[PDB]
Amino acid sequence: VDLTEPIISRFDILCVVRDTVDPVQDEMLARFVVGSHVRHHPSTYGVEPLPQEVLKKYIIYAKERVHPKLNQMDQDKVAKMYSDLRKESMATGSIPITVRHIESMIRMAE
Amino acid sequence: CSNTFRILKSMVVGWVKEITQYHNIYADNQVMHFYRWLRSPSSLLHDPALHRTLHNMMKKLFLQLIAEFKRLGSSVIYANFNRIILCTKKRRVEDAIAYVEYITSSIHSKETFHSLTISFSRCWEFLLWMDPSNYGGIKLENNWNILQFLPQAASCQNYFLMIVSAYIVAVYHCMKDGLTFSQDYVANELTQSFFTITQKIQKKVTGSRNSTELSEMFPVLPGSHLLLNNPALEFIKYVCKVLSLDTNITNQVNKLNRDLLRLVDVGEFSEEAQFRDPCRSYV
């Protein structure tokens with residue numbers, strides 16, 4: 001990645017995307033891309049999305065009218081998870097700096 | 001000073017050579033007198049140095065004997081200066097063991113100037129083993145030292161025996177009919193039965209009016225140290241321990257752990273959910 005630990009560890013979520021070849025998945029992706037191109041002419045989902053206007057209203061409502069509280073999250077489970085996550089990371093190449101990943105999990109639960 | 005060590009070898013070679021194969025009784029009784037005399041701490045004549053020398057050399061000899069099993073297809077389950085356990089083929093146990101036992105014993109003796117004093121073949125024809133702390137097998141023998149630490153209240157000991165024996169019997173039936181995958185079948189059968197059994201012992205033991213505290217329910221042996229508290233949980237833990245070690249296919253056992261700990265409403269990853277050996281074994 002060429003980034004350092006102080007800047008990597010500040011990112012709560014790390015995402016890796018790879019354009020590896022898989023002909024069935026390539027067929028599905030290409031059919032969807034062509035479908036988007038013909039759909040949006042000027043003129044893995046399986047659930048259907050919300051309309052984007054509804055999503056904007058939903059987000060702006062949820063960020064102000066809702067404030068999730070934390071009262072119990074199975075403390076020993078998270079602590080054990082974080083500890084052996086640190087153990088495995090010590091042998092390999094990504095960096096769960098001590099509290100930032102714990103707090104990342106708390107933030108993601110919220 | 002090494003001449004004394006070589007003279008001990010000379011004396012031992014003398015008495016064992018004096019077996020005088022027409023007959024001897026003194027030489028035999030005193031060859032075994034070496035065996036007890038280099039063990040007994042009441043022995044004298046700069047004794048701890050000689051006991052230490054025996055142990056340090058016998059470590060290398062025993063390691064040679066156990067290690068050189070490698071060249072013939074075989075697996076070792078247990079090894080002690082007296083007791084050893086081996087496996088080579090899934091059929092015709094005596095003929096299967098004959099080639100490895102006699103070839104290895106002979107070449108043990110040739111390489112080590114003598115090691116041919118071996119005996120074998122006593123009834124362990126199908127065995128799940130972790131020493132008499134934990135074993136079970138069909139010749140159905142059950143020897144689980146941890147079972148003694150479960151209470152007899154609500155028949156928890158009997159239910160341990162029931163689940164373990166049923167699992168062994170079902171897998172053994174599959175093996176005999178074949179003569180791996182049946183692990184999953186018995187796992188589903190246990191997914192039903194283990195649920196029912198945990199409910200049975202839970203409702204019966206919690207309703208027992210003689211319980212001043214459920215910690216008082218447990219038996220105490222000289223190895224007992226744990227704060228055993230909630231018999232269905234200890235039963236689950238011990239059963240799942242043996243089930244998680246008698247197959248590498250632990251996935252359904254782990255699922256049973258999750259399901260039954262949630263059925264007891266006690267959390268996984270907690271200290272109380274972790275297995276610990278109920279016995280402070282001391283030798």
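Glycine also receives a Cβ, built like all others from the backbone with ideal geometry; neighbour counts cover every protein chain displayed. Taken together, the values in this text are just the output of simple stated rules run on the coordinates, not laboratory data.
Things worth noting here:
- Radius 15 Å from Cβ of A:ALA30, net charge of other residues (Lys, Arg +1; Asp, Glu -1): -2
- Averaging the Cα positions of each part gives two centres, and for the stretch B:68-140 and the stretch B:142-160 these lie 30 Å apart.
- Spatially proximal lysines relative to A:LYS57 (Cα-Cα < 28 Å; intrachain offsets below 8 disregarded): A:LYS69
- One equal scatterer on each Cα of the stretch B:174-283, no solvent, Debye formula: the resulting log10 I(q)/I(0) at q = 0.24 Å⁻¹ is -1.39.
- Trypsin sites (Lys or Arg not before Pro) restricted to the stretch B:21-94 and DSSP loop, no more than 14 other C-beta within 10 Å: B:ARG39, B:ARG83, B:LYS89, B:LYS90, B:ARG91, B:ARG92
- Neighbour-count ranking [beta-carbon atoms within 10 angstrom, fewest first] of B:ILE103, A:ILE7: A:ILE7, B:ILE103
- Within the stretch B:224-283, chymotrypsin sites (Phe, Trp or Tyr not before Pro) in DSSP loop having at most 12 other beta-carbon neighbours inside 10 Å: B:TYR282
- With contributions of -39500 (n - 2.57) from each DSSP H run of at least four residues, the per-residue ellipticity at 222 nm computed over chain A stands at -18000 deg cm²/dmol.
- Cα-Cα over 25 Å, subset of B:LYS176/B:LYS200; A:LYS77/B:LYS241; B:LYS59/B:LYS90: B:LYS176/B:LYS200; B:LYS59/B:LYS90
- Cα gyration tensor category, rounded, prolate or oblate, for chain A with a/c compared to 1.5: oblate
- Spatially proximal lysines relative to B:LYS60 (Cα-Cα < 30 Å; intrachain offsets below 8 disregarded): B:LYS9, B:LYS17, B:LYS70, B:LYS89, B:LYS110
- Annotation for the stretch B:4-51 versus the stretch A:81-110: alpha-carbon center distance of 62 Å.
- Which of B:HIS51, B:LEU72, B:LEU243, positive extreme of dipole for the protein assembly as shown (C-beta unit charges): B:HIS51
- C-alpha center-to-center spacing [the stretch A:35-67, the stretch B:229-283] in angstrom: 46 Å
- The alpha-carbon of B:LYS139 sits under 13 angstrom from the alpha-carbons of these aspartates and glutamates, leaving out residues fewer than 8 places away in its chain: B:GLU125.
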